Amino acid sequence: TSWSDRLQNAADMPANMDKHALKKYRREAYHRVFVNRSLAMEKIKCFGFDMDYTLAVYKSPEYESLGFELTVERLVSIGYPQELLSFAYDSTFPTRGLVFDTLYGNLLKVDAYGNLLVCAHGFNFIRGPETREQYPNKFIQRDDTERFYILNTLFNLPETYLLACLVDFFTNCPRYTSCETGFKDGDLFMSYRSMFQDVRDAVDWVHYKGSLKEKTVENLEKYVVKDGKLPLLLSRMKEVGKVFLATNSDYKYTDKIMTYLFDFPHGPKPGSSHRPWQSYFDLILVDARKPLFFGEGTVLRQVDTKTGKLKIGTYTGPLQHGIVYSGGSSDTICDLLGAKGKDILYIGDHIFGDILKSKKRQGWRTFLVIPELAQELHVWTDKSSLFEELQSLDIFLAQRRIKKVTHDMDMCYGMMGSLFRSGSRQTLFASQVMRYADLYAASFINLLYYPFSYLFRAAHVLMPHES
């Protein structure tokens, strides 16, 4: 099964708010909130939510497969070869947080320090010695954003795989000659960089100018996890604080998704009257443009909720009941809900644009949703054997077996391994989760299972000379 299967299984369950049931439930990994830094919930005055891959978790592999399919069609449409059409999305290939090197056309799994853990060129996994040809120090300068692109979001799962399909196809298609930095077809040269830009633009185009959204919304059961405990959680938050939505997506789409998310015969709990999704929020903001939202932002606009268009002009009014904002900045939230950054818990899946940025620019408290965790956890438990074997093989040498066992652990997760590590080496992703997510979970719903008085605790950190 998939991580969205695990999530949706848990979603289909009623909430048993009996306090002993709660305590028991959240000691189970699947339902636990994990803590990187201590957070006293009683201090949180505003709970803020992201929408895509946070409140609205898209079913896998269905959604990735749709995105891939329409990206490929867009590319064939602009003149890429018909062979593309025979590609089919494969969920066992891509892991999130990979770096596409646009110079050399490789996918890299790196650690926090730019060190190379895995290198695939198409579907060929390049081993240690061979990577030194292009990476003399087995290292990339990942801030070199012109050359290196980090495929940080679940939205990038289909393109991670498509990049590899395309490198593989051109490499092995006799019409094209492979060169260091791209492919020659007679008098046309396609660099990996230009190829990469096309894929990137086509993904954007599918989400913005194409048919992805329309196809999602016309079959919401197929594409979006739904959970009757969402209204319960939000109603409970609203009892102790303020709740807000801040989404990069536009009004029309947010309304269709959010309406689905709340589409039950009842309100917070079974038996209670249904109420519109907007009622659960003290402030609703779309077209956020995160991460820029956490700095200068853009001009504050007001949505005409009847037409779905923006009113003409900058909005200069106060928080009214029923107003929906567009644009603005993180200061809009603070000022209008009368909060300081440390009074806000923002909940989101984008490690960069939701968590890193809110934490560094603004000192918000952060909760990261990691939808893959719901399944990464089952693997970590079931194959704790291998990791233990590896753990123990590092102490006995304190070599070829370290390498063989690493590969066997990593393969259980997929061709590109755990989101969090390659053997004993932690990924950039893992290290940024630890660095900037105060709390993290497989789902935001795991907060339901903790009283609002709860103190999420982490042990104090000590330097080597201090221990």
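Start at 1 and count along the sequence shown; that's the residue number.
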TODO: Between 433-441 and 39-47, point out the one with the higher average CA B-factor as the PDB entry records it.
DONE: 39-47
TODO: Look over 221-229 and 244-252 in the entry and identify the one with the greater average Cα temperature factor.
DONE: 221-229
Open item on the list: By the CA temperature factor listed in this entry, which of these ranks top: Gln391, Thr298, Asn156, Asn137?
Closed with: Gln391
Open item on the list: Which third, lowest, middle or highest, does the C-alpha temperature factor of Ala56 belong to within its own chain?
Closed with: lowest
TODO: Classify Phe387 as lowest, middle or highest third according to the C-alpha B-factor given in the PDB entry, relative to its own chain.
DONE: highest
Open item on the list: By the recorded C-alpha temperature factor, relative to the other modelled residues in its chain, which third is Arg132 in?
Closed with: highest
Task: Relative C-alpha B-factor of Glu73, binned into the chain's lowest, middle or highest third - done: middle
- [ ] Ordered by C-alpha B-factor within the chain, which third holds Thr427? Give me lowest, middle or highest, please.
- [x] lowest
